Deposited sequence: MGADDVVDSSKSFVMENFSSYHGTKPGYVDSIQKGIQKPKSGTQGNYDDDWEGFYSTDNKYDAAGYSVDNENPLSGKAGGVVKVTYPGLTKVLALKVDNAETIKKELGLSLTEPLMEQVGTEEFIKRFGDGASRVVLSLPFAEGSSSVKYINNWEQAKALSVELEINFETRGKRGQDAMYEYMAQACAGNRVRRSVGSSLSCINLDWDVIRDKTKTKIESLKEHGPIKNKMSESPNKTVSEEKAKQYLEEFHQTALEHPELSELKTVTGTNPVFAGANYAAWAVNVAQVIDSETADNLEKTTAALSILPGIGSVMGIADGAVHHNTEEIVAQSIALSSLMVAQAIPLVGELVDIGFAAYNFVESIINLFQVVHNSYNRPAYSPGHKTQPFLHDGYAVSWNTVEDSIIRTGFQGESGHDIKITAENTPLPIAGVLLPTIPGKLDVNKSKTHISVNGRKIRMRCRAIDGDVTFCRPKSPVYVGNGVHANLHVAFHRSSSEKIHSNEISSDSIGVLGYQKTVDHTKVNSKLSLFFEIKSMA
């Protein structure tokens, strides 16, 4: 129940607490309380703490308060727990099941049994799935001993929107998207104004009255085409000319969709505008985000995209809308959603086909069944097995075979234990070498997956030497599952890592 490897005693133990606007100064005078888990919460990661700092009344678009650093004097036990069920924690630690867990954690008896000589216990738990951070749960009375220093006050930076918070969080990564949103906001304002002033003012050719969506989109695609000839949008024209996600039809679909959901009541409030915008599809077209990459990653190109998007919303509002919004609250709100998504891409994350993250392609979904399946262990003679889940979204799509790694004399496919099972039907495979480093295995009867029909590909590896695999030796870091043929096959990739035994 206790993770010894995450538990330790520390002198001057410190941690971080996100603070709401209006408490950044008040909190520095001392931690005071305003069932089992009632307590003061903090984290070891100051950038995660900053995510708790935003106005409660306006959480999508409101002001961020700050981050403070709290320190205990003397010695503190960090007791790390392997479960977050208080009922289970109390039984397995054999203490009163009546009293709330965090009240007991502050009692002198508890601190004697678990403090290893420290003055107080702090509980430690995983911060979140996908995060290596921890959260700390402090007992409120013990929390009176904390000293509280300012780490950062975002309100004091005096920046627009939530820029201060997001610029701070971007420090965590030093591919990092680290954009100066002051510049972007200024360039955007400049570009909208300059674009509003020749061929553009295509406007006169506008129906300017509630028309049909299909006619509105036809017109907005023409407007988009004309708008992109302007020199202030020349780079955007170049970087948006090939990828179909960034095409005029998607700018137009976006603007139409925006105009259809923004009524007077929504346009008049930034929070309600952000909420409405945040549930629309297609924002990737304006952000330049496709295929796992943030392509618009310079202040200039972002401002260009936002400006063009602003103009187009302005043109779509007469054609489909109710209803100024386009250049004011729409720009503020969209900027917020950029920062959200950029932040997601900045954060460490496993990519498709790594660990248990699905690889989605051509209608298929494939994943390693468990994290350990994605690890090819090394340093021993013998056998391992690895399960790959496979299915598809709708109609029956075939699985032609699998490309597997081999290392001459050290890593081989075990041809009798490698197989694929379709809704439990076990299908044997015929494996043939392509070259010294790649074997191709084909199922001995046809495999189809689809809605309601899944497969388990079981790959078995044999090692003849106990010599560890070295980087040089391996060319691919993926197992390539082949789907239907189009002459090319649909390639479904499962990425593995070579590790020694633990």
property	result
Sequence ranges absent from the coordinates, based on the deposited chain and numbered from 1	1-5, 40-48, 189-200, 224, 229, 352-354, 518-522
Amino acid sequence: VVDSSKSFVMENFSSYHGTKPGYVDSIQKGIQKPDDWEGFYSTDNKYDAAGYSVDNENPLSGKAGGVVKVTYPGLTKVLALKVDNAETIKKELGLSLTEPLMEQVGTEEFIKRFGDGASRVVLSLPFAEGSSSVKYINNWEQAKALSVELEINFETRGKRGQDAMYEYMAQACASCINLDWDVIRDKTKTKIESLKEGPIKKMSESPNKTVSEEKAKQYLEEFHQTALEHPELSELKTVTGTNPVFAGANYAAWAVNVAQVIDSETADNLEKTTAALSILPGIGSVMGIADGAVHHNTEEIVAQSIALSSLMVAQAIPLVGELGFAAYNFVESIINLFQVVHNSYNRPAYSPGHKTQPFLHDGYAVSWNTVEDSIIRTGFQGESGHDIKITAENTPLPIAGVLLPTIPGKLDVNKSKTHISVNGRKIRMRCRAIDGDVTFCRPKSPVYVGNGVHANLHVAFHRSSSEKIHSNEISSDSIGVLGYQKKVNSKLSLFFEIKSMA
From here on, numbers count along this sequence of modelled residues.
property	result
Test item: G321 lacks coordinates in at least a third of other entries	yes
Entries skipping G198: at least a third of other ones	yes
Given 101-109 and 175-183, the range whose Cα B-factors average higher in the PDB entry	101-109
437-445 versus 469-477 - greater average Cα B-factor per the deposited record	469-477
Residue of maximum C-alpha B factor among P358, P281, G385, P318, per deposited coordinates	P318
Residue selected from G292, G424, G248, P408 by maximal Cα B factor	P408
Within-chain third of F380 by Cα B-factor, per the entry	middle
Position of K217 among the chain's modelled residues by C-alpha B-factor, lowest, middle or highest third	highest
Entry-reported Cα temperature factor of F461, expressed as the chain third it lands in	lowest
Where the record places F13 (Cα B-factor, split into thirds across the chain)	middle
Third of chain Cα B-factors occupied by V83	highest
